[PDB]
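To start, the structure under review is shown below, and the notes come after it.
Quick reminder, even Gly has a Cβ in these numbers, built from the backbone with ideal geometry, and neighbours come from all protein chains shown. Just so it is clear, none of the values below were taken in a lab; they were calculated from the coordinates.
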Amino acid sequence: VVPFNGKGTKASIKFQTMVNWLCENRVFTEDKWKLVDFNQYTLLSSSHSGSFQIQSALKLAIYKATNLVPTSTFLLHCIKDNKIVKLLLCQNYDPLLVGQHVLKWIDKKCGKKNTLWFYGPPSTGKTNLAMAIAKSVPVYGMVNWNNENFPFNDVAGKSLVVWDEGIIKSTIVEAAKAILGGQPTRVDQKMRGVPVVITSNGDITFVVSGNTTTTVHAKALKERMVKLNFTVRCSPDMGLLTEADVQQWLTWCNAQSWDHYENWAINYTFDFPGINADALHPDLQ
Amino acid sequence: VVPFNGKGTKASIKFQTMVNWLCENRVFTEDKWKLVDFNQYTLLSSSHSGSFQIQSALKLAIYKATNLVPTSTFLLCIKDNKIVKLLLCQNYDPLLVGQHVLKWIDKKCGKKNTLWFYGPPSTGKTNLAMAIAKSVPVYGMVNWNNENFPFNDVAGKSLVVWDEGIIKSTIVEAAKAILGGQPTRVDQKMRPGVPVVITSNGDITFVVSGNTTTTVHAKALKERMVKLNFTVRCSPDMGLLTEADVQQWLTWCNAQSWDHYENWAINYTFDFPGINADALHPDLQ
Amino acid sequence: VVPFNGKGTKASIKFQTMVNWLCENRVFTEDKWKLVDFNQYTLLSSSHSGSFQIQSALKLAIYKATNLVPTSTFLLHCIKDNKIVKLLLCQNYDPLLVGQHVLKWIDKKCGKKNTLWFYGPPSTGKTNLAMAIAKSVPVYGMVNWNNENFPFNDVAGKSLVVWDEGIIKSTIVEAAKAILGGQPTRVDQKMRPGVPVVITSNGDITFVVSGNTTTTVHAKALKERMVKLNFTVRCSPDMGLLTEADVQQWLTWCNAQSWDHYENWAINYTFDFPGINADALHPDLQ
Amino acid sequence: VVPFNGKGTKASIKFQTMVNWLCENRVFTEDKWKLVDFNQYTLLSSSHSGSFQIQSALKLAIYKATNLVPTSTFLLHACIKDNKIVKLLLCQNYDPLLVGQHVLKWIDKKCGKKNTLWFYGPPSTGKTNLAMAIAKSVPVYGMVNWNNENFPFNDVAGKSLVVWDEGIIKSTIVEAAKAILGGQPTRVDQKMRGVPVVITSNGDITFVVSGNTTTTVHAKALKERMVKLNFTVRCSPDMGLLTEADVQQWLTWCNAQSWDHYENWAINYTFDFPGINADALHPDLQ
Ligand SMILES: Nc1ncnc2c1ncn2[C@@H]1O[C@H](COP(=O)(O)OP(=O)(O)NP(=O)(O)O)[C@@H](O)[C@H]1O
Ligand SMILES: Nc1ncnc2c1ncn2[C@@H]1O[C@H](COP(=O)(O)OP(=O)(O)NP(=O)(O)O)[C@@H](O)[C@H]1O
Ligand SMILES: Nc1ncnc2c1ncn2[C@@H]1O[C@H](COP(=O)(O)OP(=O)(O)NP(=O)(O)O)[C@@H](O)[C@H]1O
Ligand SMILES: Nc1ncnc2c1ncn2[C@@H]1O[C@H](COP(=O)(O)OP(=O)(O)NP(=O)(O)O)[C@@H](O)[C@H]1O
Ligand SMILES: [Mg+2]
Ligand SMILES: [Mg+2]
Ligand SMILES: [Mg+2]
Ligand SMILES: [Mg+2]
């Protein structure tokens, strides 16, 4: 398609540069804007013709970082010193293979399997890892914040959705399968998928119907999930994980060979394969 | 009727050019505009008087492509084509089917405004429906609309799709109007017929009423439908039929002789006739 | 368990004989009592005490014919000339095998497959055969009488449930599966065996209505509970109404013959009803 | 079917006698009993054990005169030109004998689907007078005008005749009206277990009302269930009111004559009723 012949004035052009400035600094909310740059926020809000541009610039900045720029481009900025690499080795999982899946999963390239699942006993790093990734994406939603009756609202404009320590009820089991499967919502189709990560101590394939466990949806939920078993406690020295840990870890994994990935990626298994001593990278051996 | 004499200004002329640009590139929604041309969208939304033009232009662009211009103009080796293989495998004359679609999509079949695809599952019923539905300017689906109010938002569409449809007694009287091409009562007082395609694994002539099927409406529905039997299963690798195949197929059907179709057009039959080995046009014999 | 040692008076014994009389003559409703025995109905309703026995005797009479007696006994009592035998031959189904399956199905001995499904084009004897079976059992009720949003009320206390020209919606699809599979309703568990179901339809009922669409998520589950018969061959318009004498004669004849093939199939029930084997047909039907 | 051999006491026998007395003297309502026999009515209500017998007697009396005894017997009584009914039918160019032989079949539900009589024409032609005359003769009769507007067909069972004076059919009730006009029992009666109908009108009732608009979609289906008589010639102003004595005399006379003229018309039940043949009219009416 040929771009339109229209030419913008200096006021319109300066607005365009402001939209580009917002994306380049990851400023996607009004509260974030005030902290990052209060002088420009004060100047813009001086008039009704300027306070309008505050709303419009944020709606366009969100769209640019969500539907035009792939999310992985935000994640790409001694490997053994990185806390995430140590954590995945403590859980007996290959740090390279997990990292390569995250790049594919956050880009919605996995097809139906749009859902991750960190499963294990309490205090094993499940919430920390999930929140660390969520901090490194432009905008992320959360089921816990939403209404208890409509947990799957406000999914548009989110590059990621975090469902921490959640359980699937029968009243929302049908809406869950749509979101977990990456299928766009019926409302989205009429008015026109987001990666989902779940942490849990119990098996979420058991749907809560009334006061009774049900296993009707066991197969449907497994076709959409990839499960990681976090069954080993982490030393308290781990503390809180930073965004730079994710960026360093994912940048290294992207530059390595992908050959091991598509071999497993041909047959998407519900459970993530464990460590094999043959396929370990020499840097981690 | 002579057009109004008064000429416009530079600002209004540029808006008119933008409207003609939207129709050319088949941009009828804001999301389609952002994906195609984010630059012009950003500049327009720099002011209140600019974001007004975005809403005003799209409403005129949709109206131009639906009411002022015939839909067939947006629709426009022969054996190699996937669709003609699909039609021949079902033992239906490809020239007759293509010549019917052009007259049907233009709302010129009188009372028989509705096509119907019937047959066993996985025989390409929905695949062909989407191919035609994706080529028209704007298409709507009964699935998207509200469960108890399925025929809202039917104006402004070039085609309405009813996939896996079943006619309930609560909407059977509303369905008969839209199936026959009769304009809706609200459309009358705020002032016009849209083609409908139905794909179903079952005989939709059977109307559901409670926990029981009734045939009192069978004769009336047969007056408005045209039926195609997709009985033979197709190749497992048929693939997604695209806009290019529809444009190729209908263009060839338009070029050939129309005398054969007008014999059938004199009296419309509920069942669509099959191929005659000698009446088949020499490009396909 | 030993019955209680107590004995009744003259009045209590006469009431017991009245309850037995209702079962023999199949009087399970007041309207049936009025048609048959108006004299005894007039004598009983002459007082408030007597009118109580009318309501109470029907409760025990219906219960005896539904729980204390197998339903096959009320079905039992030239075979080629039987109209049902003619109907099953036109549709290419073995009369001996159909009858032998009905007897076990009407007695809830088929396990999961508690449902019979008749399918075919219109005017093929689907309702006729179903109605004849339905009117031969002591008490029958149809889904077509119940409320639209509560199709399965009054199911308990019946010998058969008929669902004529029926279709399954996603709102009741969960309630339907329990009854079709013979699983007792939740309310029955906390207030205390299912009821055999026969369904006739011109379309495929495995498809489940949801909104204005069709779905097959319940297609596999429903097939585990139903046995399907294909009523495709057009019948002669002068076949007429199938009667109880046709049903009783047909089932009694099937009960008399050997079951040898039936145990072979009954090892693993299939969804579709198997067709006729020309060599396995009984010589009395040849 | 052998009746139960239980024999009641003296008190129960007397109640049975009182049931036979109510049916004999056409006493079917509480008020009618007070007019006909106040001495017995006072005696029964002297105690609670007695005032219960009153309700049970009326329930059985209405049933015996509606569901067990044919209605035609009560229309019959236990110069023909002297009857004012024949005068009315002659003016409308209708053979008086053929009309009477039809009523004996229409009131007994024997006319198949064509269950409802329709009287049509300009005002003051005796449509209501004739219809109310037959209505007053049957044991128990109900009217649609008495029932509430939203549910016109409550309390239909237990009635020997339903009258619909100057009626109009709305689309909200057209589906329910089709069953009662066609003689089909309603859904309620089927689960808890045919009434002749007469309609008079100044206009075409087949024009079903729908909103502020008149539609003809149901006209063909309604015509399948009605018989029409066109009352056009205005009667003499001194017509008076038709009585049950005239209905009993006219209908009894029509029973005695031959039926071959009517039995031939029953071969094809047309919508309109045939007119007078100048030479086929019975000699007594000449
Ligand atoms: N805010 C924090 N500050 C310091 N250390 C933290 C913090 N959050 C988590 N940790 C450390 O991270 C490790 C596990 O934490 P966490 O991710 O919360 O496990 P968890 O599985 O989510 N607990 P649970 O929610 O019950 O499943 C421990 O070593 C904690 O000390
Ligand atoms: N997205 C797709 N990509 C490739 N092939 C497809 C796709 N969708 C359908 N097909 C093929 O199209 C053929 C028929 O599919 P489909 O159009 O879905 O039939 P269908 O009638 O819609 N099934 P049903 O809805 O149950 O009646 C098969 O050979 C499929 O493999
Ligand atoms: N009451 C009846 N009187 C006369 N013939 C009857 C009657 N009931 C059924 N038949 C005949 O029985 C045959 C099949 O009728 P029926 O059993 O009603 O098929 P059907 O499946 O119920 N029709 P449909 O509901 O459209 O599928 C036809 O030849 C009918 O004429
Ligand atoms: N109770 C009565 N006493 C005397 N004359 C009566 C009585 N009822 C009706 N008539 C007469 O009977 C004739 C016919 O009137 P009627 O039977 O009421 O027709 P109608 O159908 O009621 N008029 P309409 O309802 O407008 O079509 C008239 O001459 C009336 O005066
Ligand atoms: Mg946690
Ligand atoms: Mg499909
Ligand atoms: Mg039927
Ligand atoms: Mg009047």
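Here is how the numbers come out for the structure above:
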| quantity | calculated |
| --- | --- |
| For segment A:1-128, diffusion coefficient by Stokes-Einstein and Kirkwood Rh (Cα), 37 °C, 0.692 mPa s, µm²/s | 177 |
| Ranked by how many other beta carbons lie within 10 Å on average, peptides A:65-73, D:225-233, A:143-151 from highest | D:225-233, A:65-73, A:143-151 |
| Dipole moment magnitude, nearest 20 debye, segment B:153-285 about Cα centre, only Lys, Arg, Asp, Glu C-beta charged | 780 |
| Base-10 log of normalised Debye intensity for the protein assembly as shown (one unit scatterer per alpha-carbon) at q = 0.05, 0.06, 0.08 Å⁻¹ | -0.55, -0.76, -1.15 |
| Rounded to whole Å, sorted largest first: equivalent-ellipsoid semi-axes of segment C:191-277, Cα gyration tensor | 29, 21, 16 |
| Diffusion coefficient, µm² s⁻¹, Stokes-Einstein with Kirkwood Rh over alpha-carbon pairs of segment C:1-45 at 20 °C and 1.002 mPa s | 176 |
| For D:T215, distant residues with modelled amide H under 5 Å away | D:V208, D:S210 |
| For segment D:122-178: rounded, prolate or oblate by the Cα gyration tensor [a/c cutoff 1.5] | oblate |
| Cα-centre dipole for the protein assembly as shown with unit charges at Cβ (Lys and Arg positive, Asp and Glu negative), debye to 20 | 1560 |
| Relative exposure of C:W21, B:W162, judged by other C-beta atoms within 10 Å (fewest first) | C:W21, B:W162 |
| Amide H partners (placed H, <5 Å) of D:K170, local residues excluded | D:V209 |
| Average partner coverage of C:160-169, which counts Cβ from other chains inside 10 Å | 3 |
| CD proxy at 222 nm, helix term only [per DSSP H run n ≥ 4: -39500 (n - 2.57); per residue of chain B; nearest 500] | -11500 deg cm²/dmol |
| Diffusion coefficient, µm² s⁻¹, Stokes-Einstein with Kirkwood Rh over alpha-carbon pairs of segment D:145-186 at 4 °C and 1.567 mPa s | 117 |
| Mean Cβ count within 10 Å, highest first, over the residues of peptides D:57-63, B:213-219 | D:57-63, B:213-219 |
| Charge dipole of chain B about the Cα centre (unit charges at C-beta), most positive-ward option of B:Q285, B:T184, B:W252 | B:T184 |
| Virtual spin-label span in nm between D:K220 and C:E30, 7 Å along Cα→Cβ | 4.3 |
| Cα convex hull of chain B, projected area averaged across orientations, nm² | 19.3 |
| Nearest-20 debye value, segment D:77-133 charge dipole, Cβ charges on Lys, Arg, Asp, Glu | 200 |
| Per-selection metrics, segment C:61-207 (Cα): Rg and Dmax in Å | 15.6, 50 |
| Euclidean distance of C-alpha centroids, segment B:188-261 and segment A:1-71, integer Å | 47 |
| Radius ratio Rg over Rh of segment A:132-254, counting only Cα atoms, Kirkwood formula for Rh | 0.99 |
| Per-residue average of Cβ from other chains inside 10 Å of B:14-27 | 2 |
| Neighbouring partner chain Cβ atoms per residue of B:31-43, average, 10 Å criterion | 5 |
| Ordering of D:105-115, D:45-55, A:91-101 by packing [mean C-beta count within 10 Å, highest first] | A:91-101, D:105-115, D:45-55 |
